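J.: Please find the sequence and an experimentally derived structure below.
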Amino acid sequence: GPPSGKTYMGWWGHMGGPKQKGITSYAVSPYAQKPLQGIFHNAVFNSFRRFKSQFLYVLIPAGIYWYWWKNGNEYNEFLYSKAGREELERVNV
Amino acid sequence: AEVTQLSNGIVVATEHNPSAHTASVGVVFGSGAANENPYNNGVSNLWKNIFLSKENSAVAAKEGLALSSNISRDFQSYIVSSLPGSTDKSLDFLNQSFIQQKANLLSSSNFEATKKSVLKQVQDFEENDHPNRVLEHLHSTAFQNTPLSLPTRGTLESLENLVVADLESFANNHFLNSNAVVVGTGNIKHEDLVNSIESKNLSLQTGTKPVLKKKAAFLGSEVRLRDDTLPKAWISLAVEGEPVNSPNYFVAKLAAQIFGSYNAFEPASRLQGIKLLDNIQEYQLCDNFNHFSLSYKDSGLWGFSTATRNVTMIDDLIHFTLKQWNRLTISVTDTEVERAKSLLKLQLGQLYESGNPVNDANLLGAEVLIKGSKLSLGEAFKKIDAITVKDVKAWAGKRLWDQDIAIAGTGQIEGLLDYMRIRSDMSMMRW
C-alpha cells in the first residue's frame, strides 16, 4: 500500500520510542495472584490521600459559584416579594 | 551391563565398553547449583575452576591425565579421564588432590587468580551469550524464591564477596560420602576399579548434606530484559514439566520431539515433519527454535526457546506455536507420534552412546545418584515404544492445557504482546 506520512506512534516492534537498555520488568500471572488484594486498605487510606490532595481545586470554585447563585436567587426572591417593589421599579428604571 | 555396587561409604557405578580407548574415572556429587542460598552462589562454579586450575592441571598433565568438570542444577562432577592402562594413577590423584587435603589448592594466590578469571568469564557470559542467559532467566523466574531458581555460573554481585571460608564450608557441607557416587566409563572392568578404591582408603567424610526447607514449586511469571541494541529477539516460554523418576517423563520427552528443533538456514531442517513449519515459513517468522524438556530432582520445565530477526511478528510466532501446543491435547495424530518415537530413540542413542567417555560419566553419575541403578538403553527403548497417542493426550491435558507459563526475553521484544494474551492463548475455544 501507499506509505503515508510518519507519525509519533508505530506498531508493535517499532513504536518510535527511545532506545532503552537495562530495564528489567518482572510480572506474575493473575492465576498465581490474589485479586482484591488490599481493597479495604486502599479504599480507606489511598482514597483519602487522593481526596486530600485534590479537593481544594474543586471545592473553592464550586463554593464561589454556589454562593453567587444562592445570593442571586435569594435576592430575586426578595425583589419579587412585597417588601421590594420600590426596589423593583428602581432596578427596572 | 551398567553395574553398580555400594561399598562402605560411596556408591560405585561403572560401564565397561571394551572397544573405547580412554578409561575415565571420576566422582559425581549430588549437590549442584540448587543446594545453596542466593548469597554464596557461584561457589560450585568456583570449586570447578579451582579443580581445573593451572596448579592442579599441571600436576595432572605431568602424569598423563586430563581433568574435566560439569556443574548442573542438582549434580556436580569431577572427572579425570585417562589412558586405559593408567587409572590407578587417576584414582590416587583424585584421592591425593581432591578428597584428602586441598591446602595446595586453597591458598590466596591460586584462589585469587581463579576468582578473577571466573569473574571475567561470568561477565563475558552475561554480556555475550544470549540464548543461554535467557534460558537461565527462565529458570530464575519460573522457580523464583525457591532453591531451584539459582544461576548455575553464579551472579556477579554474589561472587565478589566469596573467600576460602565459603569454599571450605561448602566442601564440608556438600562433599560427603552419602552424597557422592564414583563412576567409571571407558574400558575399565568393574572389579579392578573397586579393588583399587578399596585398597587405598578413599572416603571424604561421614555425614549428610543439609536437606532443603522449600521444595521446587512452579510460579507462572514473566520477565523481559529488553536491550534494543541487540539485533535479534531471544524469548523462551515454558510450563512445568515432569521431573526425573516421574512416570510421565518419557512422554514429556516424546512430546518435545513431536515439535522438534529447527534451523531456518540449513536446507535439510526446513523439510521436517512438523506442522508448524507450514505456518512459520512464508514470512520467515523465526531463525531457530528448540523444544527442551528439562527434568531436575523436584520439578522441571517444558517449552521452546527461539531467536527472531523479524522482530515485528514475534506475537504471530508465539501464537502459532501455542496453537500447535494445543494440538497435542485436542487432535494429535499417530504418524507424529511414531515419527517422534523414532527420532527420540535416535536422540537418546546419540546422547547415551558417544565417543567421549566423560559425558557418559556425567549421565551415569546423575542417574545413579537420583534413581539408584541405571536403566539400560533397551528398557528406555521399550518404555518409548510402549507409548500410545492417548497417553500423550492425557499428559498434554494434564500439563499443557491452560497451564501457567513463564516467559523470559531479551533483545527487541516490544513486538512481544504482554502476558495475559500469551497466557490465555494456551487454551483455544475448540477450533
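T.: Received, thanks. Residues are numbered from 1 along each chain as shown, chains lettered A, B, ... in the order given.
J.: rest of the way, CA atoms for contacts and neighbours
T.: OK.
J.: Any idea what residue B:68 is bridged to?
T.: residue B:79 (DSSP bridges).
J.: from memory it sits against residue B:52, does it?
T.: Yes - assessed by CA atoms under 8 Å, residue B:68 is found in contact with residue B:52 at 7.2 Å.
J.: which residues are common contacts for these two?
T.: Common neighbours of residue B:68 and residue B:52 (criterion: CA atoms under 8 Å, 6 or more residues apart in numbering or on different chains): none identified.
J.: Find the residue closest to the residue of the stretch 1-150 of chain B found nearest chain A in space, skipping its chain neighbours.
T.: In the stretch 1-150 of chain B, no residue comes nearer to chain A than residue B:141, which is 8.4 Å away by CA to the nearest CA. Of all residues not flanking residue B:141 in the chain, residue B:221 sits nearest, at 6.2 Å (CA to CA, 6 or more residues apart in numbering or on different chains).
J.: same check, this time on residue B:349
T.: Per CA to CA, 6+ apart, closest to residue B:349 is residue B:377, 7.6 Å.
J.: how far away is that neighbour from residue B:185?
T.: Plainly put, residue B:377 is 15 Å away from residue B:185 if you go by CA to CA, to the nearest Å.
J.: So those two - more neighbours on which side?
T.: It is residue B:185, of residue B:377 and residue B:185, that has more neighbours when counted by other CA atoms under 10 Å in any protein chain shown, with 29 against 13.
J.: Pretty sure that one sits against residue B:14.
T.: Yes - applying CA under 8 Å, one finds residue B:185 in contact with residue B:14, separated by 5.8 Å.
J.: Residue B:352 is in contact with residue B:361, isn't it?
T.: No - counting by CA under 8 Å, residue B:352 sits too far from residue B:361 to count as a contact (10.0 Å).
J.: The two - which one has more neighbours?
T.: Legend: neighbour count by other CA under 10 Å for residue B:352 and residue B:361, higher for residue B:361 (28 against 15).
J.: Make sure that one is indeed in a strand.
T.: No - per DSSP: H, G, I helix; E, B strand; the rest coil, residue B:361 lies outside any strand segment and is helix.
J.: Pull the contacting residues for it.
T.: Taking CA under 8 Å, 6+ apart as the contact definition, residue B:361 lies against B:24, B:26, B:79, B:183, B:184, B:185.
J.: Taking the residues you listed, tell me the two that lie furthest apart.
T.: Greatest spacing in the contacts of residue B:361, by CA to CA: B:79 and B:185 (10.3 Å).
J.: which neighbours do those two share?
T.: Shared contacts of residue B:79 and residue B:185 (CA under 8 Å, 6+ apart): B:24, B:25, B:358, B:361.
J.: Using a markdown table, please lay out those together with distance to residue B:244.
T.: Putting the shared contacts of residue B:79 and residue B:185 into a markdown table (distance: CA to CA, whole Å) gives the following:
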| residue | distance to residue B:244 |
| --- | --- |
| B:24 | 25 |
| B:25 | 25 |
| B:358 | 21 |
| B:361 | 18 |
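J.: Name the member of these that has the highest neighbour count.
T.: When neighbours are taken as other CA under 10 Å, the top entry among the shared contacts of residue B:79 and residue B:185 is residue B:24 (31 neighbours).
J.: one step back: pull the contacting residues for the residue nearest to residue B:141.
T.: Residues near residue B:221 by CA under 8 Å, 6+ apart: A:26, A:27, A:28, A:29, B:141, B:142, B:405, B:406, B:407.
J.: Buried members of the residues you listed into PyMOL, please.
T.: Restricted to buried positions by 16 or more other CA atoms under 10 Å in any protein chain shown, the PyMOL selection for the contacts of residue B:221 reads:
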select buried, (chain A and resi 28+29) or (chain B and resi 141+142+405+406+407)
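J.: Walking through chain A, point out its strands one by one.
T.: A:27-28 (DSSP state E).
J.: report the longest helix in it, please.
T.: Assignment by DSSP state H gives helix A:56-79 as the longest helix of chain A.
J.: Quick check: residue B:366 touching residue B:30?
T.: Yes - here residue B:366 reaches residue B:30: they are 7.5 Å apart, a contact under CA under 8 Å.
J.: Mind listing the shared neighbours of those two?
T.: Jointly contacting residue B:366 and residue B:30 under the rule CA under 8 Å, 6+ apart are residue B:75.
J.: got a list of contacts for stretch B:133-153?
T.: The contact list for stretch B:133-153, computed with CA under 8 Å, 6+ apart, reads B:33-38, B:41-42, B:44-45, B:71-73, B:122, B:125-126, B:214-223, B:234-238, B:305, B:406-410.
J.: Could you measure from residue B:195 over to chain A?
T.: 55 Å (CA to the nearest CA, to the nearest Å).
J.: which stretch of helix or strand covers that residue?
T.: Taking DSSP states H and E as the criterion, residue B:195 maps to helix B:190-199.
J.: Please list the residues outside that helix that contact it.
T.: B:3, B:12, B:14, B:15, B:16, B:88, B:91, B:184.
J.: Centre of the chain to it, how far?
T.: 30 Å (CA atoms, centre = their mean, to the nearest Å).
J.: Could you list the buried residues of stretch B:392-401?
T.: Buried residues in stretch B:392-401 (16+ other CA under 10 Å): B:392, B:393, B:395, B:396, B:397, B:399, B:400, B:401.
J.: Next, report how far it is displaced from the centre of its chain.
T.: 24 Å.
J.: Which of the residues in stretch B:285-298 are classified as buried?
T.: For stretch B:285-298, burial by neighbour count (16+ other CA under 10 Å) applies to B:285-297.
J.: Pipe these into TSV and attach secondary structure and distance to residue A:17 per row.
T.: Shown next, in TSV, are the buried residues of stretch B:285-298 (DSSP: H, G, I helix; E, B strand; the rest coil; distance: CA to CA, whole Å):
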residue	secondary structure	distance to residue A:17
B:285	coil	23
B:286	coil	24
B:287	coil	26
B:288	strand	28
B:289	strand	29
B:290	strand	32
B:291	strand	33
B:292	strand	35
B:293	coil	37
B:294	coil	38
B:295	strand	40
B:296	coil	41
B:297	coil	44
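J.: and chain A, which of the residues you listed reach it?
T.: Taking CA under 8 Å from any CA of the partner chain as the test, chain A is in contact with none of these.
J.: tell me the two of those that are most distant?
T.: It's B:285 and B:297 that sit farthest apart of the buried residues of stretch B:285-298, by CA to CA, at 35.1 Å.
J.: give me every residue that touches residue 25.
T.: Since you didn't name a chain, this refers to chain A. B:222, B:223, B:224, B:225.
J.: oops, I was thinking of chain B
T.: Residue B:25 is in contact with B:79, B:80, B:81, B:82, B:87, B:90, B:91, B:182, B:183, B:184, B:185, counting by CA under 8 Å, 6+ apart.
J.: Export those to a markdown table and append columns for secondary structure.
T.: Shown next, in a markdown table, are these (three-state DSSP):
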| residue | secondary structure |
| --- | --- |
| B:79 | strand |
| B:80 | strand |
| B:81 | strand |
| B:82 | strand |
| B:87 | coil |
| B:90 | helix |
| B:91 | helix |
| B:182 | strand |
| B:183 | strand |
| B:184 | strand |
| B:185 | strand |
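J.: Among those residues, which one is most surrounded by other residues?
T.: residue B:184 (31 neighbours).
J.: Tell me how far that residue lies from residue B:371.
T.: Distance check for residue B:184 against residue B:371: by CA to CA, it reads 17 Å.
J.: Kindly report the same for residue B:3.
T.: 14 Å.
J.: Repeat that for residue A:86.
T.: 110 Å.
J.: What of residue B:9?
T.: Distance of residue B:9 to residue B:371, given as CA to CA: 17 Å.
J.: which one of these two has more residues nearby?
T.: Between residue B:9 and residue B:371, counting by other CA under 10 Å, residue B:9 is the more crowded of the two (17 against 11).
J.: got the contact list for the more buried one?
T.: B:177, B:178, B:203, B:206.
J.: Now rank those by neighbours and give me the top one.
T.: residue B:177 (21 neighbours).
J.: need the contact list for it.
T.: So residue B:177 contacts B:9, B:10, B:203, B:204, B:205, B:206, B:207, B:208 (CA under 8 Å, 6+ apart).
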